[PDB]
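Just the one chain here, the form deposited in one PDB entry, laid out as structure tokens.
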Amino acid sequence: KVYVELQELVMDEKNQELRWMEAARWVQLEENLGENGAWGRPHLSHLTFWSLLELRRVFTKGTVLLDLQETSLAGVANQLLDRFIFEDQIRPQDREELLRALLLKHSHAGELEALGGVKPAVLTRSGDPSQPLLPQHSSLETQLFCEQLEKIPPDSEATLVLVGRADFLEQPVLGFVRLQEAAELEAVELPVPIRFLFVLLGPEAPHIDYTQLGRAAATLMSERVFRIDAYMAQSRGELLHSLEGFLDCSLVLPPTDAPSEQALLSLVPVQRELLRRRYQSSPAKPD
């Protein structure tokens, strides 16, 4: 298995300084970081329909830097922004601010209580952190699992998911990076080398919650089939095909006013068949 960490750009409460704070982590089973400063009970990842829809939209036009010869967040960010501009995904004027935001201090649970917590933030055209304008929604995962690391194998490689909001952006942008050699970055404190980097930047838009987008990306990375495809992928098309299979094998549960265990357990054959379909194509077999 592998370690996936999701970090969201947020503003501290003591000095109003924006920074990156880990919001969730995955070792197969997902943990979330509550406002208290402790990790909630780990759980199977569940995604919202809008998050997966927007993830597919951004990935279809995303930026991929495979077998990239870099070993530092600074160089990775430089190359990623350069290819973003080359792909007309961000304008040259945005590069300075986006780079400034990316190489900010990445804080973790060890400084949440030391600091004054973290509030959501939106990067501004200037060097100041804006306040989100769209209505906020307290994370469902934090409400349901949090209000109350040895599992990483020695030879596993980690993945970093960065989500941030920037009002000075035309549309959401996805940047996917696979380093040629796994490297240790200051963003992740754990002594696990990083192989993949998800970068999800963009403005405030309806039906897009960048936390849910990051959760969807992290769940996709945590999936064995998609991870194997990503390791062996030499083009964006193969990653897109793996994502299409991942969505083909997903099960959408519509809202119901009369939930029950028996009705829900009637979907056991469906879930089994979907997992079988997902693992039929990948080299891996289902555990």
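For the two forms, the rigid core is made up of the largest set of C-alpha atoms that agree within 1.5 Å on superposition. All residue numbers refer to positions in the sequence shown, first residue = 1.
The form deposited in another entry exists for this protein as well; it is not shown, and the discussion that follows is about that form.
Core-superposed comparison between this form and the one not shown: among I194, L169, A187, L81, the single residue whose C-alpha moves by 2 Å or more is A187. Annotation for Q271: C-alpha shift under 2 angstroms between this form and the one not shown, rigid core superposed.
The Cα shift for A258 between this form and the one not shown, taken after rigid core superposition, is 2 angstroms or larger. Distance between the C-alpha atoms of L220 and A187: longer in the other form than here (change of 3 Å or more). Cα of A187 to Cα of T219: at least 3 Å longer in the other form than in the shown structure.
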